[PDB]
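Single chain ahead, written as structure tokens, the form deposited in one PDB entry.
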């Protein structure tokens, strides 16, 4: 034990040595599919910026997945400081990208500079095809190692990025094939969240195919989620605001069931473990309903979607399961307080049905004890 015991891992080698701090669980399917999501998220960030209007996700018969976007294309020109194409830099260097300021993407779900480079690292093979600057470029990688320099292989009028990857089985175990339904659920949700972006999903294994292009936003997303439940009130509460540089968008409606289903998103990335947006939502829900009950003389069945747009959010893991930016709590909480109280005044009937379900649950416990 001395100075020769200390090893430095360079390039993408650290990712292959310790995948879980980057990609999550490489044994239950979730990190495998998160590989796709990292790539799709980059396309989505072109769409947010206004440049991409179609996304095509294909599950190939050889268990690879491609994501095609019609955005601006990953930059192709030689990187001054690094001396190789900017595209190769992106694919091979951790904490390298165009989202560390707000000049290329005002708001974006990427922010770590590691996503596609992590997909590369954990792919036995990867294929990159970029249309920009009137040219088609293309490069191949194996286990993150470029096989040759980014190369012009044609002319075109189109711009866009195509990434196809075959995941390494020396990394992913147990669940090793892509599941249509997991990719579908995510891409469907993304369509509600990105009105006007055409998002296609194709399974070359059995020829199954979906085209998601929903137009009603998260309000329609809530209708969809209650399709085969029974909503107890007709008016879905909805608002979209931006104040103090934070966008807050909320839709919700109660059904006659007994589960709570709250979807939280930050710049289109889902938070399984919630966070400061969720905590603001709950605080405003509590405060607003209790003021409505005080004034009128007085969880279960709730479906809600909470989507925020934030210039530099903070997540407590690479995979972004929990948003931990505390100023986002205050933002959702005050926007919601204000607009939810207006909703209850403007729809007295909905208000009463909802408050009645709430009280029925309280009485039910009380009748038990």
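Positions refer to the first chain, counted from 1.
Coordinates are absent for 10 or more residues of the deposited sequence placed between residue 298 and residue 299.
Averaged over CA atoms, B-factors in the entry run higher in 324 to 332 than in the other of 324 to 332 and 32 to 40.
Once the C-alpha B-factors are averaged per stretch, 349 to 357 and 18 to 26 rank with 349 to 357 first. Out of 139, 168, 108, 173, the entry records its largest CA B-factor for 139. Per the deposited coordinates, the residue with the largest Cα temperature factor out of 274, 280, 257, 113 is 257. Looking at the C-alpha B-factors along this chain, the one for residue 51 belongs to the highest third. The entry lists a Cα temperature factor for residue 265 that places it in the lowest third of the chain's modelled residues.
The deposited CA B-factor of residue 338 belongs to the highest third of values across its chain. In the deposited entry, the Cα temperature factor of residue 63 sits in the top third of values across the chain's modelled residues. Looking at the C-alpha B-factors along this chain, the one for residue 86 belongs to the highest third.
Absent from the display: the form deposited in another entry. The rest refers to it.
When the chain is split into two rigid parts to describe its motion between the shown form and the other one, residue 234 and residue 197 fall into separate parts.
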